[PDB]
Amino acid sequence: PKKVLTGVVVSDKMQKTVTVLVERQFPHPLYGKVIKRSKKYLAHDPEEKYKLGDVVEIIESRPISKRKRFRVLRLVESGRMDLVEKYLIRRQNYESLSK
Amino acid sequence: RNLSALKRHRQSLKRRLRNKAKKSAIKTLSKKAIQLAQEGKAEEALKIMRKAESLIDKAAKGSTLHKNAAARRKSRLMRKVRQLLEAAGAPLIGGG
Amino acid sequence: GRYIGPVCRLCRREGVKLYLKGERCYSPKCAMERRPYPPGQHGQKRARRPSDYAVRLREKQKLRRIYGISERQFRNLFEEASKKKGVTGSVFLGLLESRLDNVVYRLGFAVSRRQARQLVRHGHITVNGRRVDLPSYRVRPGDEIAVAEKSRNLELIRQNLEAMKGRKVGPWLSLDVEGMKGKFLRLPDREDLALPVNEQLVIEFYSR
Amino acid sequence: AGXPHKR
Amino acid sequence: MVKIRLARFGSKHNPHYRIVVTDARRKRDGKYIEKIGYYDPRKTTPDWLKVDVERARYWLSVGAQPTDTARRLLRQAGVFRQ
RNA sequence: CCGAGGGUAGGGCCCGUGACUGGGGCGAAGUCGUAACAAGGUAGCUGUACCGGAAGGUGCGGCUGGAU
RNA sequence: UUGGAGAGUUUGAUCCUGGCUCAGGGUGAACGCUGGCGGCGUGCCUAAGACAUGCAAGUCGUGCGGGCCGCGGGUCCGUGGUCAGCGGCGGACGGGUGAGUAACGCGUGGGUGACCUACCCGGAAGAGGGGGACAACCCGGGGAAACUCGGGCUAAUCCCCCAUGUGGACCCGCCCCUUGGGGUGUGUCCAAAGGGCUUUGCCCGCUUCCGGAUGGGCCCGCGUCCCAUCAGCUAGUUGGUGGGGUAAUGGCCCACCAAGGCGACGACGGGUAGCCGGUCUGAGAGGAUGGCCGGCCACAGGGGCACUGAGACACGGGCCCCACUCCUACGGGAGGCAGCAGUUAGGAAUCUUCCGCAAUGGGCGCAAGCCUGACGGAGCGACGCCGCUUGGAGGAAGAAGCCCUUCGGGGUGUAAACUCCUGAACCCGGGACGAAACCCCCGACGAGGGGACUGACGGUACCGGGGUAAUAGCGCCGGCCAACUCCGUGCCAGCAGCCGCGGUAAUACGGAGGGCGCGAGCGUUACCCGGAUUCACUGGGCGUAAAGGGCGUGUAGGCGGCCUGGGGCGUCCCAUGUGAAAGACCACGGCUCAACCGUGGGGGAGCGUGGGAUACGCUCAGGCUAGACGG
Ligand code: SF4
Ligand SMILES: [Mg+2]
Ligand SMILES: [Mg+2]
Ligand SMILES: [Mg+2]
Ligand SMILES: [Mg+2]
Ligand SMILES: [Mg+2]
Ligand SMILES: [Mg+2]
Ligand SMILES: [Mg+2]
Ligand SMILES: [Mg+2]
Ligand SMILES: [Mg+2]
Ligand SMILES: [Mg+2]
Ligand SMILES: [Mg+2]
Ligand SMILES: [Mg+2]
Ligand SMILES: [Mg+2]
Ligand SMILES: [Mg+2]
Ligand SMILES: [Mg+2]
Ligand SMILES: [Mg+2]
Ligand SMILES: [Mg+2]
Ligand SMILES: [Mg+2]
Ligand SMILES: [Mg+2]
Ligand SMILES: [Mg+2]
Ligand SMILES: [Mg+2]
Ligand SMILES: [Mg+2]
Ligand SMILES: [Mg+2]
Ligand SMILES: [Mg+2]
Ligand SMILES: [Mg+2]
Ligand SMILES: [Mg+2]
Ligand SMILES: [Mg+2]
Ligand SMILES: [Mg+2]
Ligand SMILES: [Mg+2]
Ligand SMILES: [Mg+2]
Ligand SMILES: [Mg+2]
Ligand SMILES: [Mg+2]
Ligand SMILES: [Mg+2]
Ligand SMILES: [Mg+2]
Ligand SMILES: [Mg+2]
Ligand SMILES: [Mg+2]
Ligand SMILES: [Mg+2]
Ligand SMILES: [Mg+2]
Ligand SMILES: [Mg+2]
Ligand SMILES: [Mg+2]
Ligand SMILES: [Mg+2]
Ligand SMILES: [Mg+2]
Ligand SMILES: [Mg+2]
Ligand SMILES: [Mg+2]
Ligand SMILES: [Mg+2]
Ligand SMILES: [Mg+2]
Ligand SMILES: [Mg+2]
Ligand SMILES: [Mg+2]
Ligand SMILES: [Mg+2]
Ligand SMILES: [Mg+2]
Ligand SMILES: [Mg+2]
Ligand SMILES: [Mg+2]
Ligand SMILES: [Mg+2]
Ligand SMILES: [Mg+2]
Ligand SMILES: [Mg+2]
Ligand SMILES: [Mg+2]
Ligand SMILES: [Mg+2]
Ligand SMILES: [Mg+2]
Ligand SMILES: [Mg+2]
Ligand SMILES: [Mg+2]
Ligand SMILES: [Mg+2]
Ligand SMILES: [Mg+2]
Ligand SMILES: [Mg+2]
Ligand SMILES: [Mg+2]
Ligand SMILES: [Mg+2]
Ligand SMILES: [Mg+2]
Ligand SMILES: [Mg+2]
Ligand SMILES: [Mg+2]
Ligand SMILES: [Mg+2]
Ligand SMILES: [Mg+2]
Ligand SMILES: [Mg+2]
Ligand SMILES: [Mg+2]
Ligand SMILES: [Mg+2]
Ligand SMILES: [Mg+2]
Ligand SMILES: [Mg+2]
Ligand SMILES: [Mg+2]
Ligand SMILES: [Mg+2]
Ligand SMILES: [Mg+2]
Ligand SMILES: [Mg+2]
Ligand SMILES: [Mg+2]
Ligand SMILES: [Mg+2]
Ligand SMILES: [Mg+2]
Ligand SMILES: [Mg+2]
Ligand SMILES: [Mg+2]
Ligand SMILES: [Mg+2]
Ligand SMILES: [Mg+2]
Ligand SMILES: [Mg+2]
Ligand SMILES: [Mg+2]
Ligand SMILES: [Mg+2]
Ligand SMILES: [Mg+2]
Ligand SMILES: [Mg+2]
Ligand SMILES: [Mg+2]
Ligand SMILES: [Mg+2]
Ligand SMILES: [Mg+2]
Ligand SMILES: [Mg+2]
Ligand SMILES: [Mg+2]
Ligand SMILES: [Mg+2]
Ligand SMILES: [Mg+2]
Ligand SMILES: [Mg+2]
Ligand SMILES: [Mg+2]
Ligand SMILES: [Mg+2]
Ligand SMILES: [Mg+2]
Ligand SMILES: [Mg+2]
Ligand SMILES: [Mg+2]
Ligand SMILES: [Mg+2]
Ligand SMILES: [Mg+2]
Ligand SMILES: [Mg+2]
Ligand SMILES: [Mg+2]
Ligand SMILES: [Mg+2]
Ligand SMILES: [Mg+2]
Ligand SMILES: [Mg+2]
Ligand SMILES: [Mg+2]
Ligand SMILES: [Mg+2]
Ligand SMILES: [Mg+2]
Ligand SMILES: [Mg+2]
Ligand SMILES: [Mg+2]
Ligand SMILES: [Mg+2]
Ligand SMILES: [Mg+2]
Ligand SMILES: [Mg+2]
Ligand SMILES: [Mg+2]
Ligand SMILES: [Mg+2]
Ligand SMILES: [Mg+2]
Ligand SMILES: [Mg+2]
Ligand SMILES: [Mg+2]
Ligand SMILES: [Mg+2]
Ligand SMILES: [Mg+2]
Ligand SMILES: [Mg+2]
Ligand SMILES: [Mg+2]
Ligand SMILES: [Mg+2]
Ligand SMILES: [Mg+2]
Ligand SMILES: [Mg+2]
Ligand SMILES: [Mg+2]
Ligand SMILES: [Mg+2]
Ligand SMILES: [Mg+2]
Ligand SMILES: [Mg+2]
Ligand SMILES: [Mg+2]
Ligand SMILES: [Mg+2]
Ligand SMILES: [Mg+2]
Ligand SMILES: [Mg+2]
Ligand SMILES: [Mg+2]
Ligand SMILES: [Mg+2]
Ligand SMILES: [Mg+2]
Ligand SMILES: [Mg+2]
Ligand SMILES: [Mg+2]
Ligand SMILES: [Mg+2]
Ligand SMILES: [Mg+2]
Ligand SMILES: [Mg+2]
Ligand SMILES: [Mg+2]
Ligand SMILES: [Mg+2]
Ligand SMILES: [Mg+2]
Ligand SMILES: [Mg+2]
Ligand SMILES: [Mg+2]
Ligand SMILES: [Mg+2]
Ligand SMILES: [Mg+2]
Ligand SMILES: [Mg+2]
Ligand SMILES: [Mg+2]
Ligand SMILES: [Mg+2]
Ligand SMILES: [Mg+2]
Ligand SMILES: [Mg+2]
């Protein structure tokens with residue numbers, strides 16, 4: 001089955017493309033604790049109907065471009081800009097990490 | 001110091017020229033037909049376009065073109081002719 | 001190969017009478033009943049308290065020199081018993097007894113395993129009808145160990161089979177003196193054999 | 001490596 | 001073509017083959033597609049040959065080609081019995 | 001048109017080596033003094049600063065892991 | 001529940017902490033001393049340095065035309081070969097290597113409505129008429145050669161047009177589906193090749209199409225080393241549109257437009273490394289490793305490139321550049337051992353310029369057969385594992401020699417001698433399994449019958465008969481650690497893994513006697529895991545032993561009170577697919593055993609799917625006041 005993921009939209013700034021931020025949980029193989037890990041997927045939005053804060057599902061599909069390998073499958077939630085802020089604050093904290 | 005590789009090399013050249021000549025014509029008549037399709041010149045375009053189509057599939061008989069290559073090249077040829085003639089007049093003859 | 005050297009010094013070191021010769025083991029010529037102290041210049045000095053390692057080594061050399069088997073074969077057998085199911089002490093003993101050259105001795109065909117080996121080694125033995133000249137052959141239940149037909153008539157085997165008309169043989173074994181045959185009945189239990197050897201002390205030697 | 005060089 | 005042939009296992013001077021289906025371009029003792037039986041040419045055991053026969057006919061039906069000395073061990077196992 | 005690479009020019013990283021120079025470690029029985037361990041004969045240690053053949057000394061503040 | 005040992009060394013002594021060290025197992029090993037046999041394994045880890053010579057890929061005369069040669073005659077055919085040429089198919093397999101690569105490369109599970117597949121199998125349809133070229137050959141220059149140029153003849157399953165259209169391909173319609181999937185209608189386009197017999201028919205081939213099967217390509221999830229003393233990286237960069245390209249998706253490629261893409265969950269950079277099944281160790285968790293065998297990837301002197309083609313950007317094919325070497329008649333040309341042997345260089349170190357296609361397997365062929373350094377075997381090497389020998393029984397209160405002594409004696413020691421028994425090697429004789437198919441025969445070139453030829457290993461194994469008592473070495477003996485005395489030496493010469501020994505009575509140096517341990521081996525060096533609970537998940541710590549940040553504030557993050565309900569993500573359960581073989585494990589069996597090898601059994605974890613459970617953790621919703629904040 002084509003893999004189906006769920007994540008928010010952290011970028012709408014491309015033509016016919018949105019960035020979907022999927023996260024997953026798993027126990028540490030050695031230290032057992034359940035840890036979080038996230039990953040951005042460049043998803044296909046050909047109708048340009050999806051926007052920031054939208055929690056959506058993406059489906060594995062044939063390549064639209066380089067790097068673009070998933071299609072947005074369906075909306076799930078909307079207006080989750082609270083998650084988008086978490087992403088942006090982190091990327092923002094990187095300026096305080098240089099030298 | 002020898003082989004029938006020498007022979008298989010001689011043959012590769014003969015088929016190289018045989019393949020190149022066919023693809024040359026396929027490119028020539030296709031542009032020729034597309035050029036008329038832009039002018040349209042509707043009848044003359046389609047009359048050429050058939051000779052293109054005929055030579056294309058005639059290549060997929062041997063090792064010159066793969067079936068899906070001929071199909072792909074035919075698909076884009078007729079696809080381009082119609083949209084050019086739609087900026088002009090009736091197709092008159094055939095191939096559509 | 002095998003030890004092949006002076007054998008009464010073995011008994012004098014181990015502090016116990018090992019029956020490695022033959023008739024001489026029962027005579028008053030037995031070195032053990034004559035000088036029951038270790039060989040060499042210091043054998044008559046007063047033994048100092050041995051260590052725990054010494055005690056376990058001494059048990060192992062005891063059991064091993066009984067069978068005249070090299071340390072390689074001795075431990076490969078030990079390790080086989082370690083893997084197999086059950087109590088490792090008994091199984092290691094059973095597999096030691098299952099050696100053909102030990103059976104040929106345990107059946108009285110020869111008066112010493114060292115002589116039973118040469119019997120097997122020169123082919124004078126068969127198993128289930130087939131000649132078998134391998135002292136290490138693991139005998140299974142039901143195998144019929146017999147003297148070679150071409151070798152039935154030989155002074156050493158007769159004199160040995162003669163003096164065997166007297167003795168009895170272990171519960172796990174069987175013997176027909178007139179036909180020079182013999183049968184391995186079962187795998188010996190621990191109590192079916194009383195060696196002067198605490199097999200646990202041989203286990204503990206390798207657990208180090 | 002022209003032509004003379006600097007190094 | 002897909003074939004049905006003998007992939008020699010065993011040891012030196014101790015031949016033991018597996019009648020097996022594999023690609024003809026695969027190496028002799030290489031990754032086969034399915035095992036359809038074994039064969040001891042030296043006849044050192046009561047059953048030195050064995051064929052599934054049901055499977056040996058499936059691959060046969062779909063276009064597998066036996067070897068010349070594999071065709072025999074399927075004949076001798078009655079794969080061809082009409 | 002692209003193109004192996006060759007060439008010109010200028011950067012970055014790494015390795016080897018260099019007159020000489022800096023301390024470091026180690027080395028049975030060298031030279032100088034005696035700073036520390038006892039209130040070690042000026043309680044010691046300390047951050048800093050300055051000085052002195054050398055340990056060290058002194059100032060400012062801190063600590064007791066300071067005797068009585 | 002098959003599984004867990006520890007010791008030496010800091011002190012006058014003690015407890016603790018803590019490092020160092022040792023006993024174990026392991027190796028593609030090497031080095032020393034030593035060395036008898038057999039089996040199965042195994043053997044350039046360094047210079048992916050450089051290579052002399054042979055060989056490692058060819059085959060088909062049942063596709064075609066010839067030159068030569070013998071065979072039956074009329075220089076006419078047929079024929080057998082033989083040699084190149086044309087034309088098929090193969091050369092993309094198999095074999096080597098580990099340089100590169102930290103990557104969708106590999107592993108594991110998936111996607112392809114985005115795709116391909118020669119020879120094979122199954123079903124459907126068809127093979128009808130014309131024409132043409134180029135080698136071989138004939139003629140002419142050039143050359144030491146490699147060798148090639150020119151002109152002219154000719155056949156074919158070689159090339160091309162026309163016809164036929166089951167079908168298939170394309171554009172545009174409508175239908176079902178739903179990413180380019182399956183239909184249908186008009187227009188348009190595409191097929192072929194013949195040969196051999198036994199001839200109103202078979203056989204090998206050809207052609208378009210559908211399906212299967214097998215082998216692939218492409219894509220995605222998760223996993224995959226060290227350095228943050230590498231912290232910012234990016235212009236085809238990230239997306240879009242159009243187009244090119246391909247079997248096919250894609251910035252893979254180009255034009256243009258947009259300004260995006262990535263990064264502390266480690267981007268970028270640097271270093272190292274082929275990955276896996278597995279292998280080694282370990283109580284396990286883990287650690288270390290990836291040679292041999294199997295799977296995948298990558299490369300073929302260093303690079304770039306495409307051609308031919310089902311498939312290569314092709315190890316023993318082609319083009320070009322570079323470095324190197326070579327022959328030369330000095331004008332000019334050749335080469336690519338990381339194939340099998342072999343040479344040289346490097347190194348501590350790593351093999352025969354062996355035999356054979358008999359077997360398995362592969363290419364070609366109607367078949368006979370040909371080719372096959374794949375492979376099957378032989379050779380060298382204690383490299384490793386396993387099996388075997390250098391004898392067995394007897395034999396004195398106990399020889400000689402040498403060692404110790406209290407001078408009485410003690411030891412080596414039943415050890416030897418000696419007696420008898422056996423009989424490694426060697427000698428003779430017989431002598432294999434691996435090998436029954438292809439083929440021919442009858443039937444029907446089938447099912448099924450019956451028949452014949454073939455073995456490198458090898459006159460080997462093994463069997464039978466005879467037959468000689470027939471190599472033993474190496475380490476160690478202060479404690480750890482099993483084994484002690486004498487002499488020599490006198491902080492010397494030397495030993496040493498750690499603690500330590502040697503200064504004139506050394507169980508610690510050197511020899512000797514004796515003793516311990518292993519045994520065709522025994523030791524040493526190197527390296528891996530273990531002991532090391534000393535990177536501590538299992539399973540550690542931080543007042544004074546090494547270890548709390550000088551102190552706040554706070555970002556990300558980690559964690560989070562009582563009650564009720566929704567979902568079901570974590571988590572738990574059941575079913576189901578995958579988890580190749582080998583290996584490991586248990587059982588049985590085959591080489592006389594064993595190693596080795598064959599047969600069968602037992603499975604997990606992880607991931608795909610389907611079903612279920614909802615306490616806990618998570619999320620959503622609603623309420624509370626014990627935490628917290630406020631008046
Ligand atoms: S038993 Fe007496 S004689 Fe036989 S060996 Fe032991 S000591 Fe020597
Ligand atoms: Mg042109
Ligand atoms: Mg084609
Ligand atoms: Mg073993
Ligand atoms: Mg005899
Ligand atoms: Mg152990
Ligand atoms: Mg052999
Ligand atoms: Mg393959
Ligand atoms: Mg340029
Ligand atoms: Mg360039
Ligand atoms: Mg350049
Ligand atoms: Mg150049
Ligand atoms: Mg520079
Ligand atoms: Mg200096
Ligand atoms: Mg002086
Ligand atoms: Mg003082
Ligand atoms: Mg003073
Ligand atoms: Mg003072
Ligand atoms: Mg002072
Ligand atoms: Mg001060
Ligand atoms: Mg002063
Ligand atoms: Mg002060
Ligand atoms: Mg203060
Ligand atoms: Mg005070
Ligand atoms: Mg231990
Ligand atoms: Mg201790
Ligand atoms: Mg000390
Ligand atoms: Mg101290
Ligand atoms: Mg001391
Ligand atoms: Mg004290
Ligand atoms: Mg004292
Ligand atoms: Mg202590
Ligand atoms: Mg410690
Ligand atoms: Mg300690
Ligand atoms: Mg070790
Ligand atoms: Mg050696
Ligand atoms: Mg072998
Ligand atoms: Mg060998
Ligand atoms: Mg080399
Ligand atoms: Mg290695
Ligand atoms: Mg190498
Ligand atoms: Mg070099
Ligand atoms: Mg060189
Ligand atoms: Mg040859
Ligand atoms: Mg032809
Ligand atoms: Mg020919
Ligand atoms: Mg290969
Ligand atoms: Mg090989
Ligand atoms: Mg090799
Ligand atoms: Mg290999
Ligand atoms: Mg590599
Ligand atoms: Mg890297
Ligand atoms: Mg990196
Ligand atoms: Mg990856
Ligand atoms: Mg994957
Ligand atoms: Mg995969
Ligand atoms: Mg082909
Ligand atoms: Mg065929
Ligand atoms: Mg003609
Ligand atoms: Mg003509
Ligand atoms: Mg010509
Ligand atoms: Mg010339
Ligand atoms: Mg000429
Ligand atoms: Mg011409
Ligand atoms: Mg219609
Ligand atoms: Mg036509
Ligand atoms: Mg035709
Ligand atoms: Mg991919
Ligand atoms: Mg990854
Ligand atoms: Mg596009
Ligand atoms: Mg790009
Ligand atoms: Mg552009
Ligand atoms: Mg722009
Ligand atoms: Mg991440
Ligand atoms: Mg590198
Ligand atoms: Mg390497
Ligand atoms: Mg590498
Ligand atoms: Mg452990
Ligand atoms: Mg284990
Ligand atoms: Mg690894
Ligand atoms: Mg490998
Ligand atoms: Mg090999
Ligand atoms: Mg491999
Ligand atoms: Mg390359
Ligand atoms: Mg090379
Ligand atoms: Mg090259
Ligand atoms: Mg190259
Ligand atoms: Mg082609
Ligand atoms: Mg390649
Ligand atoms: Mg090739
Ligand atoms: Mg090439
Ligand atoms: Mg080569
Ligand atoms: Mg050329
Ligand atoms: Mg000349
Ligand atoms: Mg030249
Ligand atoms: Mg020239
Ligand atoms: Mg030239
Ligand atoms: Mg060249
Ligand atoms: Mg070349
Ligand atoms: Mg070679
Ligand atoms: Mg060599
Ligand atoms: Mg050399
Ligand atoms: Mg050298
Ligand atoms: Mg070899
Ligand atoms: Mg063959
Ligand atoms: Mg095969
Ligand atoms: Mg064959
Ligand atoms: Mg064939
Ligand atoms: Mg040849
Ligand atoms: Mg050969
Ligand atoms: Mg071989
Ligand atoms: Mg060697
Ligand atoms: Mg050997
Ligand atoms: Mg004796
Ligand atoms: Mg006496
Ligand atoms: Mg005596
Ligand atoms: Mg004496
Ligand atoms: Mg005496
Ligand atoms: Mg035979
Ligand atoms: Mg054949
Ligand atoms: Mg007939
Ligand atoms: Mg003979
Ligand atoms: Mg004999
Ligand atoms: Mg005899
Ligand atoms: Mg005799
Ligand atoms: Mg003797
Ligand atoms: Mg030792
Ligand atoms: Mg002592
Ligand atoms: Mg030891
Ligand atoms: Mg001791
Ligand atoms: Mg003196
Ligand atoms: Mg001296
Ligand atoms: Mg010493
Ligand atoms: Mg050591
Ligand atoms: Mg003296
Ligand atoms: Mg002395
Ligand atoms: Mg003294
Ligand atoms: Mg001594
Ligand atoms: Mg010592
Ligand atoms: Mg000594
Ligand atoms: Mg051995
Ligand atoms: Mg060794
Ligand atoms: Mg252990
Ligand atoms: Mg550990
Ligand atoms: Mg260690
Ligand atoms: Mg450590
Ligand atoms: Mg540590
Ligand atoms: Mg812990
Ligand atoms: Mg601790
Ligand atoms: Mg504090
Ligand atoms: Mg600070
Ligand atoms: Mg927070
Ligand atoms: Mg939370
Ligand atoms: Mg809670
Ligand atoms: Mg759930
Ligand atoms: Mg498996
Ligand atoms: Mg079991
Ligand atoms: Mg499992
Ligand atoms: Mg599952
Ligand atoms: Mg589900």
Side-chain angles (χ1 to χ4, degrees), chain A, chain B residues 30 34 37-38 60 65-79 81-87 96, chain E residues 2 22-23 25-26 30-35 62:
Chain A
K2 300 191 187 303
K3 195 55 176 294
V4 179
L5 280 70
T6 307
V8 298
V9 162
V10 277
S11 197
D12 61 340
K13 307 187 172 64
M14 284 182 288
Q15 294 182 329
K16 296 187 179 180
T17 307
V18 285
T19 305
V20 183
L21 175 52
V22 184
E23 42 180 356
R24 58 189 182 89
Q25 297 186 340
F26 62 87
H28 196 287
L30 178 60
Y31 303 115
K33 166 167 191 166
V34 186
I35 57 183
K36 301 184 181 179
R37 288 297 185 268
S38 63
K39 187 177 174 196
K40 293 194 292 183
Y41 289 84
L42 292 200
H44 197 22
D45 183 17
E47 290 177 316
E48 190 63 47
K49 54 177 194 166
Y50 297 99
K51 54 182 197 58
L52 256 54
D54 297 356
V55 186
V56 299
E57 288 182 352
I58 49 190
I59 183 181
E60 177 187 338
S61 31
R62 73 164 159 80
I64 298 99
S65 63
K66 176 189 195 187
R67 181 140 178 77
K68 279 187 70 172
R69 302 296 200 277
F70 285 15
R71 288 208 301 282
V72 188
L73 187 128
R74 64 186 191 86
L75 190 59
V76 165
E77 205 173 359
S78 175
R80 296 301 299 280
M81 311 298 306
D82 60 334
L83 302 187
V84 170
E85 282 182 4
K86 304 303 276 186
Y87 174 81
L88 302 176
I89 292 179
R90 170 183 312 271
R91 291 288 183 276
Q92 186 170 19
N93 281 345
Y94 288 175
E95 295 185 357
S96 295
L97 267 51
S98 67
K99 38 174 83 184
Chain B
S30 300
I34 295 170
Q38 177 195 351
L65 283 196
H66 189 261
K67 304 293 185 168
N68 307 121
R72 189 179 71 258
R73 183 161 297 102
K74 292 200 310 194
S75 169
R76 302 180 176 172
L77 178 53
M78 303 178 184
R79 198 174 150 274
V81 161
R82 264 190 195 259
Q83 304 154 354
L84 296 186
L85 297 186
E86 280 179 354
Chain E
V2 40
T22 177
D23 196 312
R25 311 187 307 281
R26 183 71 70 180
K31 168 177 190 165
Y32 51 70
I33 311 170
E34 187 183 7
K35 179 187 187 176
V62 201

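Lettering follows sequence order; numbering is per chain, from 1.
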Main-chain N/O of [Y] paired with [X] side-chain donor or acceptor, under 3.5 Å:
X: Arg69(A); Y: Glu60(A); result: no
X: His44(A); Y: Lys16(A); result: yes
X: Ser61(A); Y: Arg71(A); result: yes
X: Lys36(A); Y: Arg24(A); result: no
X: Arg82(B); Y: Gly96(B); result: yes
X: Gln38(B); Y: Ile34(B); result: no
X: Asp45(A); Y: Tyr50(A); result: yes

>> For a quick test of reading the model, state the closest non-hydrogen atom pair linking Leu85(B) to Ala37(B) and the distance between them.
In response: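 For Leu85(B) and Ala37(B), the tightest heavy-atom pair comes out as CD2-O, 3.5 Å.
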> Do you know the tightest heavy-atom contact between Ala70(B) and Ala60(B)?
Replying inline: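 Heavy atoms only, the tightest pair is CB-CB, 4.1 Å.
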> Applying the side chain to side chain contact (heavy atoms under 4.5 Å, CB included) test to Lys40(A), which of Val20(A), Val22(A), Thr19(A) qualifies?
Replying inline: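 The side chain to side chain contact (heavy atoms under 4.5 Å, CB included) with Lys40(A) is passed solely by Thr19(A) among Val20(A), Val22(A), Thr19(A).
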>> Using 0.5 Å steps for rounding, measure from the CD1 atom of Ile59(A) to the NZ atom of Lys3(A).
In response: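 Reported to 0.5 Å precision, the distance equals 12.0 Å.
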>> Quick check for you: to the nearest 0.5 Å, what is the distance between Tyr87(A) atom OH and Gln92(A) atom CD?
In response: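 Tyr87(A) atom OH to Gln92(A) atom CD measures 12.5 Å (nearest 0.5 Å).
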Are [X] and [Y] close enough that some pair of their side-chain heavy atoms sits under 4.5 Å apart?
X: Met81(A); Y: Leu52(A); answer: yes
X: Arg37(A); Y: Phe26(A); answer: yes
X: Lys31(E); Y: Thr22(E); answer: no
X: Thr6(A); Y: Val56(A); answer: no
X: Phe70(A); Y: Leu5(A); answer: yes

>> Run the side-chain contact (heavy atoms from CB on, under 4.5 Å) test on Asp54(A) and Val8(A) for me, step by step, so that the C-alpha distance in whole Å, both residues' side-chain angles and the decisive distance to 0.1 Å come before the verdict.
In response: CA-CA 5 Å; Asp54(A) 297 356; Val8(A) 298; over 6 Å; no
>> With no hydrogens and no angle check, just 3.5 Å: does a side-chain donor-acceptor pair link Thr17(A) and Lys68(A)?
In response: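 The criterion, which ignores hydrogens and geometry beyond distance, is satisfied for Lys68(A) and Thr17(A).
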>> Go through it in stages, so that I can follow the logic: the residues are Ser78(A) and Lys51(A), the test is side-chain contact (heavy atoms from CB on, under 4.5 Å), and I'd like the CA-CA distance, side-chain angles, deciding distance and then a yes or no.
In response: CA-CA 9 Å; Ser78(A) 175; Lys51(A) 54 182 197 58; 3.8 Å; yes
> Just wondering, are more than 12 heavy atoms of other shown residues or ligands nearer than 6.0 Å to CD in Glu48(A)?
Replying inline: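 More than 12 within 6.0 Å, yes.
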> Hey, mind stepping through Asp23(E) and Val2(E) against side-chain contact (heavy atoms from CB on, under 4.5 Å) and telling me if it holds?
Replying inline: CA-CA 5 Å; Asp23(E) 196 312; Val2(E) 40; 6.0 Å; no
>> Does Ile58(A) form a side-chain contact (heavy atoms from CB on, under 4.5 Å) with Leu73(A)? I'd like the steps, not just the answer.
In response: CA-CA 5 Å; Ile58(A) 49 190; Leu73(A) 187 128; 6.0 Å; no
>> Check this for me: does any side-chain nitrogen of one of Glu57(A) and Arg74(A) sit under 4.0 Å from a carboxylate oxygen of the other?
In response: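 Yes.
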